[PDB]
Amino acid sequence: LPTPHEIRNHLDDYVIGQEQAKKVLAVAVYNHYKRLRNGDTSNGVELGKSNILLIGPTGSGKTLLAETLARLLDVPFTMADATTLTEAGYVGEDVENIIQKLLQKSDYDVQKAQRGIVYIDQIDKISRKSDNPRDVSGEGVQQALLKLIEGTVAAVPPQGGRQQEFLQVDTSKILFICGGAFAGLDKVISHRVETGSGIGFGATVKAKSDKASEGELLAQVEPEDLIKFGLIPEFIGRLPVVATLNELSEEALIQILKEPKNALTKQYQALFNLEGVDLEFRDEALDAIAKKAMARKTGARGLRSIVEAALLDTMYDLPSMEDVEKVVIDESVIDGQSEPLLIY
Amino acid sequence: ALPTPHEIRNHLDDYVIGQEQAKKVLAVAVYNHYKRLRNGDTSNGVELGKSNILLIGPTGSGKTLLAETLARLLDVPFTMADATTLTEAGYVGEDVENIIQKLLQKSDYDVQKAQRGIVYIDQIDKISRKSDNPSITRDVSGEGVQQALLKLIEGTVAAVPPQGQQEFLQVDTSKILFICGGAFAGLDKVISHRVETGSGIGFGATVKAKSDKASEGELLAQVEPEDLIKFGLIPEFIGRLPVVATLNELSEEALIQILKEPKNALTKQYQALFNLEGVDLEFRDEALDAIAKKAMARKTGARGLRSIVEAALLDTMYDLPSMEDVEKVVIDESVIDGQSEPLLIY
Amino acid sequence: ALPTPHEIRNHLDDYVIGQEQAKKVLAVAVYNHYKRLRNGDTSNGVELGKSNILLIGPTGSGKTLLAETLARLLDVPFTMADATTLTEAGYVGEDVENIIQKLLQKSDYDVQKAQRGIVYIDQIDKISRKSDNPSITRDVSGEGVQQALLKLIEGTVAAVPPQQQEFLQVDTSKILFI
Amino acid sequence: XXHXXXX
Ligand SMILES: Nc1ncnc2c1ncn2[C@@H]1O[C@H](COP(=O)(O)OP(=O)(O)OP(O)(O)=S)[C@@H](O)[C@H]1O
Ligand SMILES: Nc1ncnc2c1ncn2[C@@H]1O[C@H](COP(=O)(O)OP(=O)(O)OP(O)(O)=S)[C@@H](O)[C@H]1O
Ligand SMILES: Nc1ncnc2c1ncn2[C@@H]1O[C@H](COP(=O)(O)OP(=O)(O)OP(O)(O)=S)[C@@H](O)[C@H]1O
């Protein structure tokens with residue numbers, strides 16, 4: 001049933017700018033389900049576990065891929081958070097609660113829940129930082145999660161009980177997608193491999209050029225680098241598949257403002273349409289916006305700042321203004337040097 | 001109908017002065033919020049976006065005043081929370097969810113009426129890391145609460161105790177506004193590092209300070225999201241707040257206007273205090289400007305102005321009750337210096 | 001009727017000697033506190049201001065003595081807390097709310113009578129940042145403490161534990177702090 | 001309640 005060719009096209013409809021990452025997920029997703037079709041029946045013994053490790057910058061679409069995949073996929077999907085997770089459940093939460101929410105989506109169907117997908121956001125949150133210690137969000141969380149990720153049956157009261165019984169739902173079959181923004185990881189990889197600082201005439205020095213630090217550096221990531229970050233090596237050993245996402249290109253940004261149905265121009269113009277005046281954006285403004293956005297280095301999430309701040313003056317006085325049929329925005333408006341000219 | 005940006009700003013002008021740049025920002029959000037709440041999830045463009053404001057300004061610039069005045073004219077519910085007590089990872093003290101439970105007291109347990117509410121936070125700068133990207137000891141209000149808040153702004157549902165069965169309710173935050181703003185301390189040093197680019201020793205090294213450069217207002221205006229990363233904020237948290245408002249330091253003229261034009265101007269408050277005693281209080285124009293000059297030297301903002309007035313009239317306030325048959329009291333510019341005593345009218 | 005600065009100062013003179021300027025500040029604050037409370041709820045000048053006090057002086061000079069002597073003559077509730085035994089973000093030490101809890105013990109858990117009370121703090125310099133110019137980390141009882149007090153002096157109901165798991169809300173915008 | 005660790 002799974003198709004790697006079609007799934008890549010489907011993700012392209014909702015995600016843009018990450019072509020390599022789509023290929024990685026299609027292989028792991030196809031392999032994981034194929035394994036369950038014939039479980040441990042092949043001649044090959046000790047088959048490697050198929051897991052996913054999403055790693056990319058902010059606004060790269062980590063949370064977006066989990067949403068799009070859930071809609072396209074038939075099995076139930078869940079969206080949890082690592083910040084809420086706590087060890088030995090004092091007042092925050094428990095690891096077993098993740099399984100309870102999965103059944104609510106699957107309507108207490110063990111046969112249908114074991115084939116489900118799991119996605120945990122902000123994986124970096126559980127990084128073990130116990131230099132000055134007890135720790136409720138550090139080693140305790142990762143230790144409990146590793147036990148679950150290893151594959152074990154955990155007691156879960158079905159429906160809560162009206163019984164003193166619990167179901168032994170398997171865990172090795174269920175898939176897991178550990179993803180989150182890694183801050184400081186680039187420095188760790190750069191610290192290990194620099195291959196520079198040559199003072200000789202023959203030697204070369206690169207101060208601004210960083211050999212595509214946003215994308216190339218991620219491609220050369222190793223498990224040993226994450227160990228210094230704080231993660232446990234056994235946790236990384238269980239995830240042979242890692243996804244690397246490069247920084248969005250200026251071309252990709254333009255596509256994100258036009259092709260998607262959640263585009264800023266579409267919603268903002270729709271909002272202006274309610275007022276009664278149409279909104280027009282030229283192509284020259286779009287490429288200009290992309291350059292400013294990349295400078296901020298905030299991702300797509302910070303794109304809105306440039307568009308809104310530029311239109312702050314226009315929206316403030318637009319209701320008072322009358323007899324304006326359409327609004328025209330030029331490239332200079334993005335810079336802010338020239339005010340936009342209205343159409344009557 | 002809904003209020004217009006010009007109409008709401010005319011109301012804010014009575015309580016706020018010299019912050020034109022900030023009044024327009026709050027006006028568009030309120031206008032956008034009502035427009036978002038005007039249509040019943042029906043629009044030409046689906047998935048209407050949410051914009052979060054980040055108020056940044058000097059000390060005593062009027063940030064806390066705007067959130068208070070906004071709730072008076074705002075019809076929808078409003079809450080005034082604080083980031084001081086936020087406890088990430090469920091430690092002792094208040095939790096992020098509390099902000100939502102507090103929003104029901106003003107809304108009187110109305111979920112449909114609560115999702116259309118506005119939220120304001122203060123002292124958001126205080127929860128930033130100490131100019132270090134990696135946290136060594138898992139800061140509860142550093143690398144903690146900042147992350148915890150991400151889920152709420154992004155849009156999720158959190159269980160809240162209905163009363164003080166014991167079942168909980170779910171309320172989404174995807175269509176709830178949040179105004180997180182606080183006076184950042186030491187931000188000027190970071191901005192100077194990235195924009196002055198003239199440090200060093202030499203004939204051709206541009207080094208001119210304490211006279212022209214290092215202006216508080218100019219530095220804040222040139223702020224960018226990349227600058228906050230060196231300060232301690234996480235980029236994820238900054239991504240959820242695209243809008244940014246840069247307030248300025250109160251000018252000498254602004255102080256004079258704030259002394260008389262506001263409804264609750266300090267000059268009027270003291271007159272009310274003196275009015276009940278039975279003695280009128282008048283301030284001569286010349287005297288008012290002198291007080292403004294002293295306030296700027298203190299570098300404490302509008303709040304510091306009370307100190308100057310209190311000291312100037314400290315002696316008169318002590319002797320006014322024991323004195324009798326006094327109709328009017330006039331304060332002169334010399335009285336502010338303290339060399340002379342204000343005249344009295346019998 | 002109400003007292004006067006000359007009358008209240010004559011009382012403090014019995015317990016304090018050699019402090020002319022210090023007595024004037026406390027007299028005006030107390031004399032002004034009763035006016036703000038009475039001129040409540042449709043007083044021509046709306047939104048009446050507040051003016052706290054910051055006492056500074058050498059060791060053994062009589063700072064702590066003024067807070068004690070004031071409670072003898074002050075009819076409204078008064079307390080004497082300290083900032084040393086305080087920690088922010090709900091740490092092992094007492095939280096900022098504690099101060100308000102001590103006020104109700106003397107006020108008999110009267111919310112209406114607690115808002116019109118006076119508060120005093122001693123040894124405020126301890127929470128002062130100890131010249132922490134390098135941003136190595138965040139203090140537990142220093143800079144953080146001051147941050148939590150900001151919202152208190154302006155006024156914000158935070159919590160009251162009643163001697164029942166429902167807390168009480170107590171305004172602090174009109175409460176004075178010394 | 002909470003945890004304290006520094007030097
Ligand atoms: N790759 C992308 N392509 C197009 N739009 C994107 C992309 N990434 C983010 N966006 C836009 O940003 C919004 C939020 O994206 P998110 O996926 O939440 O960002 P995020 O950084 O992945 O979140 P985190 O870091 O995992 S909490 C989306 O609704 C889009 O409008
Ligand atoms: N623009 C202004 N116009 C008139 N009065 C002002 C203005 N800004 C500040 N004030 C006065 O200063 C008082 C406190 O203002 P705040 O809003 O607390 O300033 P602030 O910037 O919020 O200080 P922080 O952030 O709490 S340190 C107000 O009650 C006014 O009396
Ligand atoms: N003006 C004064 N007249 C008479 N006795 C005084 C005076 N000032 C201080 N004392 C004496 O000093 C004692 C302690 O006064 P304190 O108020 O503790 O001084 P202090 O400056 O507050 O010391 P601290 O605050 O603990 S460092 C009193 O009990 C008196 O015996």
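Just so you know, all these numbers are worked out from the coordinates, no wet-lab data involved. Quick reminder, even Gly has a Cβ in these numbers, built from the backbone with ideal geometry, and neighbours come from all protein chains shown.
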Excluding same-chain residues fewer than 8 positions from residue C:113, which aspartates and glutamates have a Cα within less than 13 Å of its Cα? C:75, C:171
Would you mind computing Rg(Cα) / (2.2 N^0.38 Å) for chain C, counting N as its residues? 1.11
Once phi for every residue in the range A:229-237 is put through the Karplus expression 6.51 cos²θ - 1.76 cosθ + 1.60 (θ = phi - 60°), the whole-Hz ³J(HN,Hα) values, with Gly and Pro written as x, are 5, x, 5, 7, x, 4, 5, 6, x
Which of the residue pairs B:50/B:151; B:299/C:130; A:125/A:208 have a Cα-Cα distance greater than 23 Å in the structure shown? A:125/A:208
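Need one word for chain B: rounded, prolate or oblate. Basis is the Cα gyration tensor (sqrt eigenvalues a ≥ b ≥ c); a/c below 1.5 gives rounded, then a/b vs b/c decides.
Working: a/c = 2.05, a/b = 1.39, b/c = 1.48.
Oblate, since a/c reaches 1.5 and b/c is not below a/b.
State to the nearest 20 debye the size of the charge dipole of chain A about its Cα centre, where the only charges are +1 on K and R beta carbons and -1 on D and E beta carbons.
Numbers: 38 positive and 52 negative charges, 306 e Å.
It works out to roughly 1480 debye.
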Average other protein chain Cβ within 10 Å of Cβ, residues A:265-272: 5
Where does each of A:342, A:226 land when they are ranked from fewest to most other beta-carbon atoms within 10 angstrom? A:342, A:226
Please report, in debye to the nearest 20, how large the charge dipole of the range B:249-346 is about its Cα centre when each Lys and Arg carries +1 at its beta carbon and each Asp and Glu carries -1 there. 640
Through the Karplus equation 6.51 cos²θ - 1.76 cosθ + 1.60, θ set to phi - 60°, convert the phi angles of the range C:29-35 into ³J(HN,Hα) values in whole Hz; use x for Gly and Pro. 5, 5, 5, 7, 5, 5, 5
What base-10 log of the normalised intensity I(q)/I(0) is obtained for the range A:87-147 from the Debye formula, alpha carbons as equal point scatterers, at q = 0.14, 0.16 Å⁻¹? -0.49, -0.62
Straight-line reach from residue A:34: which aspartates and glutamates have a Cα under 16 Å away, not including same-chain ones fewer than 8 places off? A:46, A:74
Of the options C:58, A:111, B:342, report the single residue whose Cα projects farthest towards the positive end of the charge dipole of the protein assembly as shown (beta-carbon charges: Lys, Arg +1; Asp, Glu -1). A:111
What share of the DSSP beta bridges in chain B is antiparallel, in percent to the nearest 5? 30
Compute the normalised compactness of the range B:249-346: alpha-carbon radius of gyration over 2.2 N^0.38 Å, N being the residue count. 1.06
If you project the alpha carbons of the protein assembly as shown onto the principal axes, what extent comes out on each, in Å, largest first? 108, 71, 69
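Which entries in the list A:292/B:230; A:292/B:210; B:24/B:263; B:106/C:174; A:22/A:49 go over 23 Å, if you measure between the two C-alpha atoms of each? Write out the running numbers ahead of the final one.
On the way: A:292/B:230 20 Å; A:292/B:210 32 Å; B:24/B:263 21 Å; B:106/C:174 21 Å; A:22/A:49 20 Å.
A:292/B:210, as the Cα separations exceed 23 Å there.
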Helix-only CD estimate at 222 nm, as mean residue ellipticity for chain B, using -39500 (n - 2.57) per DSSP H run (n ≥ 4): -12000 deg cm²/dmol
